[PDB]
Amino acid sequence: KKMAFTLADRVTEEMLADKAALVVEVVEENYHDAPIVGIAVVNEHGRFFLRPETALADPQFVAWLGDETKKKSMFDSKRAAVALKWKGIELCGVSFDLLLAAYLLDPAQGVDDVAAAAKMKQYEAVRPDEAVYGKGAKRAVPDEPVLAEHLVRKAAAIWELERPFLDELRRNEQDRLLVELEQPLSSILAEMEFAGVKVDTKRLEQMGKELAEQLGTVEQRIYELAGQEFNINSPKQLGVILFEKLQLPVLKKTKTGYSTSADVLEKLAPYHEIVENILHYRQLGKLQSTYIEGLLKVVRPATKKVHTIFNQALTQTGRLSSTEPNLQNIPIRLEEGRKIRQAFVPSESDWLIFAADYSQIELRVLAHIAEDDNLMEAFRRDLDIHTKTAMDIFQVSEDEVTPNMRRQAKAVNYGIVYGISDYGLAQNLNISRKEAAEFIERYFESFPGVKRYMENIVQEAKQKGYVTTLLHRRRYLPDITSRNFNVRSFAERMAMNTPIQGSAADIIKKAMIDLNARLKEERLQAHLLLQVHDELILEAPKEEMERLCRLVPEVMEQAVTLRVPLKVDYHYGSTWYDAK
DNA sequence: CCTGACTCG
DNA sequence: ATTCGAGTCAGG
Ligand SMILES: Nc1ncnc2c1ncn2[C@H]1CC[C@@H](COP(=O)(O)OP(=O)(O)OP(=O)(O)O)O1
Ligand SMILES: OC[C@H]1O[C@@](CO)(O[C@H]2O[C@H](CO)[C@@H](O)[C@H](O)[C@H]2O)[C@@H](O)[C@@H]1O
Ligand SMILES: [Zn+2]
Ligand SMILES: [Zn+2]
């Protein structure tokens with residue numbers, strides 16, 4: 001803890017070496033249009049702190065920032081890249097991202113600052129961010145010298161930690177996972193975030209008014225049915241009305257009291273019609289609070305765009321998440337909610353929304369991985385297993401399978417492969433438990449390869465202490481040897497699920513990198529706006545739709561070669577709603 | 001601040 | 001207790 005560094009006030013030539021650790025500090029969690037509070041560089045010639053106003057106004061520094069041949073090592077380069085994009089500066093030449101490296105080594109660590117990454121190698125010459133900026137309403141940039149030393153320490157850590165992290169990734173066979181997948185993807189995500197998605201706010205505001213009226217109506221119906229006014233949004237007050245005043249049966253309690261989950265309420269529908277109204281009220285209330293009001297709070301008023309942040313270093317399986325706002329959970333399953341999507345529109349005149357989605361994605365992945373002949377046979381024959389299972393569950397013909405039953409069948413197919421118990425299945429479909437068990441038994445009968453697989457991967461997990469995906473992403477499962485049934489069971493189902501969802505996440509990630517290449521290749525103007533786990537959403541000039549219809553599905557289907565083909569459904573239209 | 005509700009994959 | 005992976009919100 002005694003680090004020499006230059007508190008510079010002008011950019012020098014020795015600050016612009018072709019290999020360096022770089023820190024461009026954004027203290028605001030949401031980095032969109034956020035202030036950059038300081039800059040630090042460590043390279044073969046020394047350690048430098050630069051004030052942003054100086055460095056960013058200097059053509060020589062900016063030129064360096066922009067130069068691909070000049071290699072930078074950073075922590076969370078996407079944060080830097082975007083916060084720079086907002087200041088009109090380009091960042092290139094990022095050859096190592098310590099956030100992504102640490103996330104690949106172990107997602108459970110929840111590394112979200114340099115100090116946490118440093119710890120993985122017992123490097124302690126740097127402090128946690130929170131310790132320097134403080135927490136909550138106390139959060140503040142500290143005095144220049146103190147700030148300066150912190151940024152410099154972070155760059156020095158990055159500088160020291162590159163080789164050792166690359167070393168361990170190399171051992172794990174994750175070196176290409178970092179350098180060829182996560183890092184390139186990071187630039188693509190940065191472009192998507194910066195571009196944003198345009199919102200029809202007049203539409204959103206109109207729906208909000210209508211929603212408020214209907215909410216008022218349902219609310220009053222509920223008080224009438226209840227004989228009393230109460231806070232329907234209080235599971236606590238509600239449970240009193242349901243289970244104490246109306247005396248409905250108690251199907252379930254949690255640590256806090258009576259459960260009023262949708263699952264429970266749906267089961268109580270035979271006893272009292274108030275329950276259906278409550279379910280409807282909470283659906284509508286969510287639409288209004290979150291997808292009208294929340295969405296309107298974060299739209300940028302002059303451009304009418306929303307700029308999400310895709311957290312690339314968060315999920316245990318390798319999936320992305322989306323925050324502030326979450327654009328991966330926009331309603332679709334109920335017609336009333338789905339209309340929210342009419343407000344998501346192209347950013348240019350005469351452009352349209354194109355959307356492409358992997359069909360049955362994880363089932364295809366599992367079929368490749370488990371090498372089940374029946375499943376792989378079902379797929380080379382292009383059956384729709386969701387519809388099929390649906391036909392089975394509701395005892396109906398292909399044509400009597402509504403989009404809604406197909407969604408139920410989907411959770412059942414995935415539920416079973418991912419280790420749902422007879423209880424959960426019976427509870428899910430409100431059917432008999434003995435029936436549930438037999439249905440499962442029958443499922444494994446039908447796909448014994450999948451049955452062998454799930455048994456094997458749990459054994460493997462027990463011996464190795466972790467599982468892996470197609471592209472060698474890894475998840476550690478220490479609890480898999482736990483003496484506790486509950487704890488151990490959770491780990492075992494993680495071992496069943498992670499390799500498949502993680503592989504699917506690997507696949508779409510590679511698909512995105514390839515697609516970006518093929519786009520820029522053919523000089524198409526089309527660009528990615530969103531990823532939603534197994535779908536990609538683009539906007540593009542209407543003329544391009546013809547090209548896209550061949551290109552996007554090809555790229556997505558050929559991103560990897562599996563024992564079975566991949567299938568991509570696609571559609572386009574004037575709004576996200578219409579791309580169906 | 002946590003829980004339990006809703007939303008999606 | 002009892003498929004898996006996420007985020008946001010009101011209420012408490
Ligand atoms: N209920 C669920 N349980 C576990 N995993 C799920 C569930 N629903 C979705 N997933 C995971 C598995 C499939 C992946 C993509 O979701 P999606 O709704 O597009 O399923 P799918 O690709 O099998 O069906 P579709 O042919 O309609 O696109 O997300
Ligand atoms: O740039 C996102 C990156 O930052 C981390 C921690 O450094 O998370 C921060 O930023 C997120 C996006 O704004 C916030 O949701 C999060 O709460 C905040 O800590 C990483 O988790 C993430 O990869
Ligand atoms: Zn799909
Ligand atoms: Zn999808």
Side-chain angles (χ1 to χ4, degrees), chain A residues 107 135-136 230-239 252-265 278-295 297-298 308-311 314-334 336-338 340-341 357-358 360-362 366 407 410-429 433 436-437 440 443 454 467 475 484-502 504-505 508 530-535:
Chain A
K135 43 178 173 186
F230 70 105
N231 187 341
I232 304 163
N233 284 312
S234 176
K236 192 166 163 182
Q237 289 190 37
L238 171 64
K252 174 158 168 203
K253 285 176 164 155
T254 57
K255 48 139 87 173
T256 53
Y258 307 111
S259 177
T260 67
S261 67
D263 194 47
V264 161
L265 265 41
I278 287 153
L279 285 170
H280 190 215
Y281 176 90
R282 302 158 146 178
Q283 293 164 0
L284 294 173
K286 177 65 179 169
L287 291 184
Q288 192 178 55
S289 75
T290 299
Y291 301 107
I292 303 311
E293 294 168 23
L295 197 47
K297 288 177 198 312
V298 293
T308 190
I309 290 163
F310 290 105
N311 198 332
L314 182 150
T315 72
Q316 298 309 298
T317 50
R319 275 194 179 184
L320 300 185
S321 69
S322 163
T323 69
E324 237 198 51
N326 182 349
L327 296 177
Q328 299 182 313
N329 72 340
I330 304 302
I332 192 178
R333 303 177 181 173
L334 297 185
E336 269 188 320
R338 189 174 195 149
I340 293 293
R341 291 189 181 215
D357 190 356
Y358 287 109
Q360 293 150 107
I361 179 57
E362 289 169 33
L366 168 69
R407 285 205 306 285
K410 178 187 309 188
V412 173
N413 280 324
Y414 287 120
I416 297 165
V417 306
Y418 301 141
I420 201 180
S421 71
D422 62 350
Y423 182 85
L425 187 56
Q427 294 291 300
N428 175 87
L429 303 170
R433 187 153 170 187
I440 290 171
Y443 204 90
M454 293 304 162
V467 302
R475 189 179 181 179
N484 186 288
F485 178 68
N486 293 313
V487 171
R488 177 169 41 92
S489 291
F490 275 118
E492 308 191 353
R493 294 190 299 268
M494 288 182 196
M496 307 170 204
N497 171 265
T498 297
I500 313 308
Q501 179 189 124
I508 191 161
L530 303 175
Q531 187 258 37
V532 182
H533 309 312
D534 85 318
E535 40 195 77

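Because only heavy atoms are used, hydrogens play no part in the values below, and waters and symmetry mates are left out as well, while side chains stay in. Convention: sequence-line order gives letters A, B, ...; per-chain numbering from 1.
Within 4.0 Å of A:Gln427, counting heavy atoms only, lies no atom of the nucleic acid at all. Base engagement by A:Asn486 is indicated by at least one non-hydrogen atom pair under 4.0 Å involving a base atom. No engagement by A:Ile361 is indicated, since no non-hydrogen atom pair under 4.0 Å with the nucleic acid exists. Backbone-only engagement by A:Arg475 is indicated by non-hydrogen atom pairs under 4.0 Å involving sugar-phosphate atoms exclusively. Heavy atoms of A:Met496 sit nowhere under 4.0 angstrom from any nucleic acid atom. Nucleic acid contact class of A:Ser261 (heavy atoms, under 4.0 Å, all strands): sugar-phosphate only. Contacts of A:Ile330 with the nucleic acid, taken as non-hydrogen atoms under 4.0 Å apart, involve only primed sugar atoms and P, OP1 or OP2. Counting non-hydrogen atoms under 4.0 angstrom, A:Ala504 reaches nothing in the nucleic acid.
Distances from the side chain of A:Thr254 to the nucleotides C:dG12, C:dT2, B:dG4 place B:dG4 closest. Counting only heavy atoms from C-beta on, A:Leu279 has its side chain closest to B:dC6 among B:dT7, B:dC6, C:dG11. The side chain of A:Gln316 has C:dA6 as its nearest neighbour among B:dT7, B:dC6, C:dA6. Side-chain atoms of A:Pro331 lie closest to B:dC8 of the nucleotides C:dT8, C:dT2, B:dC8. Among the nucleotides C:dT2, C:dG11, C:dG5, the one closest to the side chain of A:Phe490 is C:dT2. The side chain of A:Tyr418 sits closest to C:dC4 out of C:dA10, B:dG4, C:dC4. Among the nucleotides C:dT8, B:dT7, C:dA10, the one closest to the side chain of A:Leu334 is B:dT7. Closest contact between the side chain of A:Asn326 and the listed nucleotides C:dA1, C:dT8, B:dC8 involves C:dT8. Each of C:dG12, C:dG7, B:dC8 was ranked by its minimum atom distance to the side chain of A:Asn231; first place goes to C:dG12. The side chain of A:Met494 lies closest to C:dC4, out of C:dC4, C:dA6, C:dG12.
Summarising the geometry, the separation between CZ on A:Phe310 and P on C:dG7 is reported as 13 Å, rounded to the nearest angstrom. A straight line from CG of A:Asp422 to P of C:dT3 spans 9 Å, rounded to a whole angstrom. Note: CD1 (A:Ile278) to P (B:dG4) measures 18 Å, nearest angstrom. With rounding to whole Å, A:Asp263 atom CG is found 13 Å from B:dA5 atom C1'. Summarising the geometry, the separation between CD1 on A:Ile508 and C1' on C:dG5 is reported as 14 Å, rounded to the nearest angstrom. Between A:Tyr358 atom OH and B:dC8 atom P there is a gap of 23 Å when expressed in whole angstrom units. With rounding to whole Å, A:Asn329 atom CG is found 5 Å from B:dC8 atom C1'. Residue A:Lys253 contributes atom NZ, which lies 16 Å from atom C1' of C:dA1 at whole-angstrom precision.
For B:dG4, the torsion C1'-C2'-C3'-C4' is below zero, which places the sugar in the south, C2'-endo range.
Neither OP1 nor OP2 of C:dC4 sits under 4.0 Å from any side-chain N or O of A:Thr498. Note on A:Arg319: every side-chain N or O is 4.0 Å or more away from OP1 and OP2 of C:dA6. At B:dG4, none of the side-chain N or O atoms of A:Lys236 fall inside 4.0 Å of OP1 or OP2 (strictly under the cut-off). For the pair A:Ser421 and C:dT3, the criterion of a side-chain N or O lying under 4.0 Å from OP1 or OP2 is met. In this structure, A:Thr317 does not reach the C:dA6 phosphate: none of its side-chain N or O atoms is under 4.0 Å from OP1 or OP2.
Under the 3.5 Å distance criterion, with hydrogens and angles disregarded, a donor-acceptor pair is assigned to the side chains of A:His280 and A:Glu336. When only modelled atom types and interatomic distance are considered, A:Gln501 and A:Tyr418 share no side-chain donor-acceptor pair under 3.5 Å.
The stretch residues 284-294 of chain A comes close to DNA chain B through A:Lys286, A:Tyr291, each having a heavy atom under 4.0 Å from the strand.
Applying the salt bridge (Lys or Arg N to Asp or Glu O under 4.0 Å) rule to A:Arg338 yields no partners; only residues at least two apart in sequence or on another chain are considered. Shown here are the salt bridge (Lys or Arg N to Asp or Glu O under 4.0 Å) partners of A:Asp357, two or more places apart in sequence or in another chain: there are none. Shown here are the salt bridge (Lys or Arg N to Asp or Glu O under 4.0 Å) partners of A:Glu492, two or more places apart in sequence or in another chain: A:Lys462, A:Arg488. By the side chain to side chain contact (heavy atoms under 4.5 Å, CB included) test, A:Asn231 pairs with A:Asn233, A:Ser234, A:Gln237, sequence neighbours left out. Every residue two or more places apart in sequence or in another chain that forms a side chain to side chain contact (heavy atoms under 4.5 Å, CB included) with A:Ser261 is listed here: A:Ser259, A:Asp263, A:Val264.
Nucleotides C:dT3 and B:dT3 have their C1' atoms positioned 22 Å apart, rounded to a whole Å. One P atom belongs to C:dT2, the other to B:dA5, and the distance between them is 15 Å to the nearest Å.
A donor-acceptor contact shorter than 3.5 Å links the side chain of A:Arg407 to the backbone of A:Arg333. Remark: the backbone N or O of A:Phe310 is not paired with any side-chain donor or acceptor of A:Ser322 at under 3.5 angstrom.
Looking at every heavy atom in both residues, A:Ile361 comes nearest to A:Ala504 through CG1-CB, 3.9 Å.
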